[PDB]
């Protein structure tokens, strides 16, 4: 019921020892000191959220603070979200606010003031981690803005470094109607996303998720568009990782190994053999068929063995594939 720091709360946020102090005097102290700290910081929220330590205190406050205090404190940050998102310290408190958000007003406020910055923030080191929180916390009805914002700039965000790490939380917390409209789009860029240094990490994710819900919708729509030309995407730094995934998911593993033999031929196996990225596709197609299908391992081996002769046997990828010929 008594505070020695009253009238000097703001000066306790300029240094760290004070931020931990108030946080300490906020947990085991009740709401009495929640109205205290709030009232003497509200005029500095935006400033405190982006401080080296201020952010920590703001997050702490957001918890004990009552609804009305938040709704207020949100309407204060609302026109500063963008500069707070783009901030390494601000991105933290802004997320913590998106966490403690309860009422459906704090929601309509946050969504409205992020909506026209969605794309830009996702492409940001700290801006995306906030857009990731909206999916991780809000209702499907609420974070719909993200999906709407992201479904007009698919490749822009997917092929972008941090843009794809956000797409991964779309597929995680989205609606079966949403993800199955986001993927409708992604699928139309599966050519360029598989080759791209970041887009490929998303294609691997569409599959990853469906293989987690044991409900395969696009995993097949992917394979139907990535199989006809599988040797080409195999001898490629990034496409090779997408093909290893299809090769590592049972429900499709086989028919893909089966494309390396059908159209691939003893030729394609050579192309896989010598390439620095293909020799991993070939090397995986072995380990897998070996376990899943002894008629594939057998038809794979009776082509590989004839070609493991001479200079190859003395290469890094050569010695590795040699070890995978007869282990059944």
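Residue numbers count along the first chain shown, from 1.
- Two stretches are in play, 203 to 211 and 141 to 149, and the higher mean C-alpha B-factor belongs to 141 to 149.
- As recorded in the PDB entry, 115 to 123 is the stretch of 115 to 123 and 214 to 222 with the greater mean C-alpha temperature factor.
- Highest C-alpha temperature factor among 269, 285, 36, 296 per the entry: 36.
- Residue 108 sits in the lowest third of its chain by CA B factor, as recorded in the PDB entry.
- For residue 162, the recorded CA temperature factor ranks within the middle third of the chain's modelled residues.
- Ranked against the other modelled residues of its chain, the C-alpha B-factor of residue 133 as given in the entry falls in the lowest third.
- Among all modelled residues in this chain, the alpha-carbon of residue 229 has a temperature factor (C-alpha) in the highest third.
- Residue 307: CA B factor lies in the lowest third for its chain, per the PDB record.
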